[PDB]
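Peer 1: This is the structure I want to talk about, given as structure tokens.
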Amino acid sequence: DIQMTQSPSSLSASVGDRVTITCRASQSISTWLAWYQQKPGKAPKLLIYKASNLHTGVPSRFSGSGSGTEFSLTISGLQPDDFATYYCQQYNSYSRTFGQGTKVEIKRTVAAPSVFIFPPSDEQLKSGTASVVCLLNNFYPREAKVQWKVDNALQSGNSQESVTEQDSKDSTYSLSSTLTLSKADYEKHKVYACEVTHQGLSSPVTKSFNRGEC
Amino acid sequence: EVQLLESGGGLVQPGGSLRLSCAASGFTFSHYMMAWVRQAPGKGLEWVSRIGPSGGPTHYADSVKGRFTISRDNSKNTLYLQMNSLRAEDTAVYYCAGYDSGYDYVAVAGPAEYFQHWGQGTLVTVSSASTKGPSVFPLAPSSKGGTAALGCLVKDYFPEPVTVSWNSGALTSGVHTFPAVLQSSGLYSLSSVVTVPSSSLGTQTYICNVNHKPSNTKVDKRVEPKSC
Amino acid sequence: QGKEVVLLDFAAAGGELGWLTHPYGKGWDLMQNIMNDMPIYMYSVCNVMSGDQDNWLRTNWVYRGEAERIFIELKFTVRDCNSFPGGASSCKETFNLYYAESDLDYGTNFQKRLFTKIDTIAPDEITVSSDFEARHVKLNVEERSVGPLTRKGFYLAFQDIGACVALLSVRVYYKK
């Protein structure tokens with residue numbers, strides 16, 4: 001089949017900027033390419049078709065170019081509501097394949113996360129299970145590493161992570177990782193540390209606690 | 001004024017079936033090519049199927065072929081999708097989409113077509129889980145100089161969503177309620193956190209209010225910070 | 001025999017022949033398509049809703065040789081205006097064929113004011129909306145000629161004024 005490949009997969013821009021997103025076909029598709037916008041929790045909307053024709057109603061700050069293999073969407077003078085995900089779709093064949101997406105995010109200053117760690121509650125520890133929680137709070141670039149350690153010993157397969165979308169106030173992200181263990185395992189050990197690596201930190205920050213003594 | 005409304009979405013066991021509907025209004029439905037496109041949670045868009053104006057030519061994505069059927073009733077202005085032998089992988093928002101040649105300003109038609117108009121979509125969850133209320137547990141801090149964070153862990157519920165507020169809505173600033181994550185067991189888990197000055201901790205009351213409509217769970221959980 | 005001698009043959013170039021378009025960006029564009037299990041290239045424009053359209057396509061400079069009179073055969077499709085809701089007053093179904101002669105090749109320097117009109121070209125068969133959706137193509141053939149040529153070479157040009165037109169063949173010849 002014809003595969004579509006969008007670049008970059010994410011992009012950071014400020015309002016007023018001019019940004020260009022790329023779409024490449026693994027084989028030729030003439031000019032039969034369409035571009036769509038999608039904001040979160042909403043249906044997509046057509047922006048461009050024919051690989052350069054503007055749909056009715058679509059602002060003229062969007063423009064598309066290309067043919068055969070290489071295509072391009074350009075947005076000049078980003079407005080606040082152009083931060084969204086953009087998809088391409090080829091319609092040269094019946095498979096009607098779309099690209100994976102390009103997310104246009106808002107650009108912002110570097111910001112280290114404030115990091116907190118939470119032991120499991122006495123109420124859960126009744127239930128026979130036990131969850132420890134790390135929180136990274138208000139940081140820019142979304143990229144970070146989070147490492148659980150138990151009695152100073154590395155954990156894997158044992159945790160799940162979750163990130164919020166960009167804050168509408170200060171354009172930061174927050175992240176939480178939950179380390180889930182059985183009660184019997186938990187009661188065995190003492191130091192539950194949370195180690196965090198991130199660009200705004202000149203070195204990795206650790207928050208820890210010892211079960212039994214505050 | 002072109003309007004498309006999907007319905008029929010909901011929860012179904014693996015191997016089960018479901019039939020979706022799209023109610024169109026504000027245009028001459030009989031002249032449009034109609035399609036379904038879907039979107040697995042956290043993922044991209046995937047064309048599912050299409051049908052011509054007359055009920056005409058039908059095509060299916062290789063991942064759906066032999067299991068799904070598309071049809072239309074041009075006198076009820078309604079589009080249908082019969083989904084059989086469903087699997088966890090078919091879990092998605094299903095979108096109704098339309099194309100009409102009268103707004104396609106090109107001298108010669110492309111071979112496949114593109115989507116001018118989209119409905120708002122309907123969620124199909126295929127899963128062997130049944131409804132189940134969450135446990136709600138506090139995330140307590142201690143007493144350390146600076147700002148402190150504090151929270152609620154809403155754990156082991158099916159299905160989505162859950163709502164959380166703090167102090168019955170009186171506390172709105174710096175609340176972060178995270179996206180739910182599906183656990184290995186099939187149930188969801190989520191945390192809600194707020195930051196607060198640590199000087200508050202001995203003095204100000206912090207209660208999270210969690211509601212889970214599907215099971216009628218409402219719980220006000222106090223979060224008591226830890227002291228020595 | 002009165003053999004024909006071909007001076008320019010668009011379809012025969014197989015998509016390798018780029019012509020000048022003016023305004024650059026909006027207006028005519030080269031595209032590719034399959035007709036009769038064969039790849040066919042065409043210049044195309046379909047700006048039928050805005051109604052201030054003045055889009056020009058210009059051939060390459062063609063050497064005249066011994067030709068004193070030339071014959072221009074066009075093959076084209078045009079879509080039915082009535083196939084576009086809200087296009088009553090903006091949509092057209094004709095285009096204009098122009099030419100200009102010169103001793104030198106002006107390259108990308110396009111001066112539409114030096115061009116004289118040969119004719120309005122109009123289709124005998126529009127492409128109605130069920131033809132379009134079935135991917136059948138109503139081909140029209142129109143021939144014109146222009147009188148004694150004097151300079152070393154010539155251009156031909158096609159002005160779109162708001163029609164939905166696809167130009168598949170442009171053949172210029174003289175009769176020996």
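Chains: A, B, ... in order of the structure tokens. Residues: from 1 per chain. Ligands: from 1, in order shown.
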For the contact check between chain B and chain A, emit one row per residue of chain B within 9 Å, containing the shortest atom pair and the distance in Å rounded to one decimal, counting only C-alpha atoms, chain then rising number order, as a Markdown table.
Peer 2:
```
| residue | atom | partner | partner_atom | distance |
| --- | --- | --- | --- | --- |
| B:43 | CA | A:100 | CA | 7.8 |
| B:44 | CA | A:100 | CA | 5.4 |
| B:45 | CA | A:98 | CA | 6.6 |
| B:46 | CA | A:98 | CA | 6.7 |
| B:47 | CA | A:96 | CA | 6.4 |
| B:59 | CA | A:94 | CA | 7.8 |
| B:60 | CA | A:95 | CA | 8.2 |
| B:61 | CA | A:95 | CA | 6.4 |
| B:62 | CA | A:95 | CA | 8.2 |
| B:95 | CA | A:43 | CA | 7.6 |
| B:103 | CA | A:56 | CA | 8.4 |
| B:104 | CA | A:49 | CA | 8.5 |
| B:105 | CA | A:53 | CA | 8.3 |
| B:106 | CA | A:50 | CA | 7.8 |
| B:110 | CA | A:32 | CA | 6.3 |
| B:111 | CA | A:92 | CA | 5.4 |
| B:112 | CA | A:91 | CA | 4.5 |
| B:113 | CA | A:91 | CA | 5.5 |
| B:114 | CA | A:91 | CA | 6.5 |
| B:115 | CA | A:46 | CA | 6.8 |
| B:116 | CA | A:46 | CA | 5.8 |
| B:117 | CA | A:45 | CA | 7.0 |
| B:118 | CA | A:43 | CA | 6.4 |
| B:119 | CA | A:43 | CA | 6.7 |
| B:120 | CA | A:43 | CA | 5.2 |
| B:121 | CA | A:43 | CA | 7.0 |
| B:135 | CA | A:124 | CA | 8.6 |
| B:136 | CA | A:124 | CA | 9.0 |
| B:137 | CA | A:121 | CA | 6.5 |
| B:138 | CA | A:121 | CA | 6.4 |
| B:139 | CA | A:118 | CA | 5.7 |
| B:140 | CA | A:118 | CA | 6.3 |
| B:141 | CA | A:118 | CA | 6.6 |
| B:142 | CA | A:214 | CA | 7.8 |
| B:148 | CA | A:116 | CA | 8.0 |
| B:149 | CA | A:116 | CA | 6.9 |
| B:150 | CA | A:118 | CA | 8.5 |
| B:153 | CA | A:133 | CA | 8.9 |
| B:176 | CA | A:174 | CA | 7.5 |
| B:177 | CA | A:164 | CA | 7.8 |
| B:178 | CA | A:164 | CA | 5.7 |
| B:179 | CA | A:162 | CA | 6.5 |
| B:180 | CA | A:162 | CA | 7.6 |
| B:181 | CA | A:162 | CA | 7.1 |
| B:183 | CA | A:160 | CA | 8.5 |
| B:190 | CA | A:162 | CA | 8.5 |
| B:191 | CA | A:176 | CA | 7.8 |
| B:193 | CA | A:135 | CA | 8.6 |
| B:195 | CA | A:137 | CA | 8.9 |
| B:226 | CA | A:214 | CA | 7.4 |
| B:227 | CA | A:214 | CA | 7.6 |
| B:228 | CA | A:214 | CA | 6.9 |
```
Peer 1: Selection from above, C-alpha atoms, as a compact mmCIF listing (two decimals), in the first residue's frame, can you write it?
Peer 2:
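Just written: selection35.txt:
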```txt
# COMPACT_ATOMS: atom_id res chain seq x y z
CA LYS B 43 -3.76 7.59 17.97
CA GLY B 44 -4.20 8.86 14.39
CA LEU B 45 -7.07 8.69 11.89
CA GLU B 46 -7.92 5.52 9.91
CA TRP B 47 -10.35 5.31 7.00
CA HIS B 59 -15.05 -0.27 -0.32
CA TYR B 60 -13.49 -1.37 3.00
CA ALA B 61 -10.08 -1.02 4.66
CA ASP B 62 -8.25 -4.38 4.72
CA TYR B 95 -16.68 9.47 12.62
CA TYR B 103 -17.81 21.63 -3.82
CA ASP B 104 -14.72 19.85 -5.30
CA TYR B 105 -13.28 22.48 -7.61
CA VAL B 106 -11.08 20.43 -9.90
CA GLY B 110 -9.12 12.16 -8.15
CA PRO B 111 -9.44 8.31 -7.92
CA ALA B 112 -10.25 8.18 -4.25
CA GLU B 113 -11.97 10.96 -2.41
CA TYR B 114 -11.44 13.19 0.62
CA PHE B 115 -13.67 14.34 3.49
CA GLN B 116 -15.36 17.71 3.37
CA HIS B 117 -17.67 17.30 6.36
CA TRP B 118 -17.33 15.25 9.60
CA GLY B 119 -19.77 14.44 12.42
CA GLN B 120 -18.66 14.77 16.06
CA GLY B 121 -18.26 11.01 16.40
CA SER B 135 -11.49 3.39 45.11
CA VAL B 136 -10.50 6.98 46.11
CA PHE B 137 -7.27 7.39 48.12
CA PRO B 138 -5.52 10.51 49.42
CA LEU B 139 -2.06 11.60 48.30
CA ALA B 140 -0.74 13.23 51.50
CA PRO B 141 2.33 15.47 51.86
CA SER B 142 4.06 16.29 55.25
CA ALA B 148 3.39 21.72 48.78
CA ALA B 149 1.29 19.43 46.54
CA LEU B 150 -1.48 17.19 47.63
CA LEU B 153 -5.81 8.75 43.46
CA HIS B 176 -4.21 19.20 37.67
CA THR B 177 -6.47 16.25 36.94
CA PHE B 178 -4.54 13.77 34.82
CA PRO B 179 -5.80 11.72 31.84
CA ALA B 180 -6.92 8.23 32.84
CA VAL B 181 -4.68 5.30 32.08
CA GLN B 183 -4.41 -0.77 33.59
CA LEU B 190 -6.27 8.65 37.52
CA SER B 191 -4.80 11.21 39.91
CA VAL B 193 -3.47 17.13 42.38
CA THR B 195 -0.45 22.77 44.81
CA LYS B 226 1.37 13.74 57.67
CA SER B 227 2.73 14.99 61.04
CA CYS B 228 5.40 13.83 63.58
```
Peer 1: Which residues of chain C sit at most 6 Å from chain B, using only C-alpha atoms? Give each one's shortest atom pair and distance in Å (one decimal place), in chain and ascending residue order, as a Markdown table.
Peer 2:
```
| residue | atom | partner | partner_atom | distance |
| --- | --- | --- | --- | --- |
| C:46 | CA | B:106 | CA | 5.3 |
| C:83 | CA | B:102 | CA | 5.6 |
| C:84 | CA | B:102 | CA | 4.8 |
| C:164 | CA | B:107 | CA | 5.4 |
| C:165 | CA | B:107 | CA | 5.6 |
| C:166 | CA | B:107 | CA | 5.7 |
```
Peer 1: Can you work out which residues from chain C touch chain A at a cut-off of 8 Å (counting only C-alpha atoms) and hand them back as a list in words?
Peer 2: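 Using only C-alpha atoms, chain C residues at most 8 Å from chain A: residues 31, 32 and 33 of chain C.
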Peer 1: One decimal, in Å: what's the spacing between atom CA of residue 15 of chain A and atom CA of residue 199 of chain A?
Peer 2: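 Separating atom CA of residue 15 of chain A from atom CA of residue 199 of chain A is a distance of 23.6 Å.
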Peer 1: Which residues in segment 29-216 of chain B does DSSP call strand (DSSP E)? List them as a PyMOL selection string.
Peer 2: chain B and resi 33-39+46-51+58-60+68-73+78-83+92-99+117-118+122-126+135-139+147-157+163-166+175-177+181-182+188-197+207-212
Peer 1: Once DSSP has gone over the backbone, tell me which residues of chain C are in alpha helix (DSSP H), as a list in words.
Peer 2: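 Here are the alpha helix (DSSP H) residues of chain C: residues 129, 130, 131, 132 and 133 of chain C.
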Peer 1: Kindly export the residues of the current selection with N, CA, C and O atoms, as a PDB file, in the first residue's frame.
Peer 2:
```
ATOM      1  N   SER C 129     -22.397  16.405 -13.812  1.00  0.00           N
ATOM      2  CA  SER C 129     -21.853  15.923 -12.561  1.00  0.00           C
ATOM      3  C   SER C 129     -21.849  14.367 -12.389  1.00  0.00           C
ATOM      4  O   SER C 129     -20.977  13.825 -11.688  1.00  0.00           O
ATOM      5  N   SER C 130     -22.762  13.645 -13.035  1.00  0.00           N
ATOM      6  CA  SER C 130     -22.687  12.179 -12.995  1.00  0.00           C
ATOM      7  C   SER C 130     -21.501  11.635 -13.838  1.00  0.00           C
ATOM      8  O   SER C 130     -20.977  10.564 -13.552  1.00  0.00           O
ATOM      9  N   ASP C 131     -21.065  12.375 -14.860  1.00  0.00           N
ATOM     10  CA  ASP C 131     -19.868  11.987 -15.648  1.00  0.00           C
ATOM     11  C   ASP C 131     -18.588  12.124 -14.793  1.00  0.00           C
ATOM     12  O   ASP C 131     -17.723  11.243 -14.747  1.00  0.00           O
ATOM     13  N   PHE C 132     -18.501  13.261 -14.120  1.00  0.00           N
ATOM     14  CA  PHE C 132     -17.402  13.571 -13.229  1.00  0.00           C
ATOM     15  C   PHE C 132     -17.208  12.519 -12.161  1.00  0.00           C
ATOM     16  O   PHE C 132     -16.085  12.093 -11.914  1.00  0.00           O
ATOM     17  N   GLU C 133     -18.305  12.130 -11.519  1.00  0.00           N
ATOM     18  CA  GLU C 133     -18.281  11.199 -10.402  1.00  0.00           C
ATOM     19  C   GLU C 133     -18.044   9.788 -10.888  1.00  0.00           C
ATOM     20  O   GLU C 133     -17.629   8.969 -10.108  1.00  0.00           O
TER      21      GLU C 133
END
```
Peer 1: Which value, in Å to one decimal, gives the distance between atom CA of residue 104 of chain A and atom CA of residue 19 of chain A?
Peer 2: 9.0 Å
Peer 1: Within 12 Å of residue 188 of chain A, counting only C-alpha atoms, which residues show up once you throw out same-chain ones fewer than 2 positions away? Write them as JSON, numbers by chain, please.
Peer 2: {"A": [150, 151, 181, 182, 183, 184, 185, 186, 190, 191, 192, 210, 211, 212]}
Peer 1: I'd like the contact shell of residue 118 of chain C - 12 Å cut-off, only C-alpha atoms, skipping same-chain residues fewer than 2 positions apart - returned as a PyMOL selection string.
Peer 2: chain C and resi 70-72+95-100+115-116+120-121+143-147+156-159
Peer 1: Interatomic distance between atom CA of residue 16 of chain A and atom CA of residue 38 of chain A?
Peer 2: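 Atom CA of residue 38 of chain A lies at a distance of 20.0 Å from atom CA of residue 16 of chain A.
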Peer 1: As a ChimeraX atom specification, please: the residues near residue 147 of chain A (cut-off 8 Å, only C-alpha atoms, same-chain neighbours under 4 positions excluded).
Peer 2: /A:154-155,194-196
Peer 1: Could you name the residues that touch segment 102-104 of chain C at 6 Å or less, counting only C-alpha atoms, but leaving out those on the same chain fewer than 6 positions away, as an MDAnalysis selection string?
Peer 2: chainID C and resid 151:154
Peer 1: Output N, CA, C and O atoms for every residue in the selection just made, as a PDB file, in the first residue's frame.
Peer 2:
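Output below, filename out.pdb:
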```pdb
ATOM      1  N   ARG C 151       7.429  36.683 -37.890  1.00  0.00           N
ATOM      2  CA  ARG C 151       8.632  36.605 -37.077  1.00  0.00           C
ATOM      3  C   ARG C 151       9.199  35.171 -37.012  1.00  0.00           C
ATOM      4  O   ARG C 151       8.578  34.211 -37.432  1.00  0.00           O
ATOM      5  N   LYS C 152      10.415  35.058 -36.515  1.00  0.00           N
ATOM      6  CA  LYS C 152      11.089  33.782 -36.398  1.00  0.00           C
ATOM      7  C   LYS C 152      10.323  32.747 -35.560  1.00  0.00           C
ATOM      8  O   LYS C 152      10.401  31.560 -35.859  1.00  0.00           O
ATOM      9  N   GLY C 153       9.596  33.181 -34.531  1.00  0.00           N
ATOM     10  CA  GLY C 153       8.916  32.251 -33.658  1.00  0.00           C
ATOM     11  C   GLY C 153       7.580  32.736 -33.119  1.00  0.00           C
ATOM     12  O   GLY C 153       7.123  33.836 -33.412  1.00  0.00           O
ATOM     13  N   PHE C 154       6.936  31.911 -32.310  1.00  0.00           N
ATOM     14  CA  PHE C 154       5.667  32.334 -31.756  1.00  0.00           C
ATOM     15  C   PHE C 154       5.343  31.593 -30.477  1.00  0.00           C
ATOM     16  O   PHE C 154       5.902  30.515 -30.173  1.00  0.00           O
TER      17      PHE C 154
END
```
Peer 1: So that I can check the surroundings of residue 20 of chain A, please list as a ChimeraX atom specification every protein, DNA and RNA residue that reaches within 12 Å of it, counting only C-alpha atoms and ignoring chain neighbours fewer than 2 positions away.
Peer 2: /A:6-8,10-13,17-18,22-23,61-65,71-78,86,102-104
Peer 1: Using only C-alpha atoms, can you tell me which of C:16, C:150, C:123, C:7 comes closest to residue 75 of chain C?
Peer 2: C:123
Peer 1: Enumerate, in order of chain and increasing residue number, the residues of segment 35-121 of chain B with an atom no farther than 9 Å from segment 12-23 of chain B, each with its shortest atom pair and distance in Å to one decimal, counting only C-alpha atoms, as CSV.
Peer 2:
```
residue,atom,partner,partner_atom,distance
B:76,CA,B:23,CA,8.1
B:77,CA,B:23,CA,6.3
B:78,CA,B:23,CA,4.9
B:79,CA,B:22,CA,5.0
B:80,CA,B:21,CA,4.7
B:81,CA,B:20,CA,5.1
B:82,CA,B:19,CA,4.4
B:83,CA,B:18,CA,5.3
B:84,CA,B:17,CA,4.5
B:85,CA,B:15,CA,4.2
B:86,CA,B:15,CA,5.0
B:87,CA,B:14,CA,5.0
B:88,CA,B:14,CA,6.6
B:94,CA,B:20,CA,8.6
B:95,CA,B:22,CA,8.8
B:96,CA,B:22,CA,6.4
B:119,CA,B:22,CA,8.0
B:121,CA,B:22,CA,9.0
```
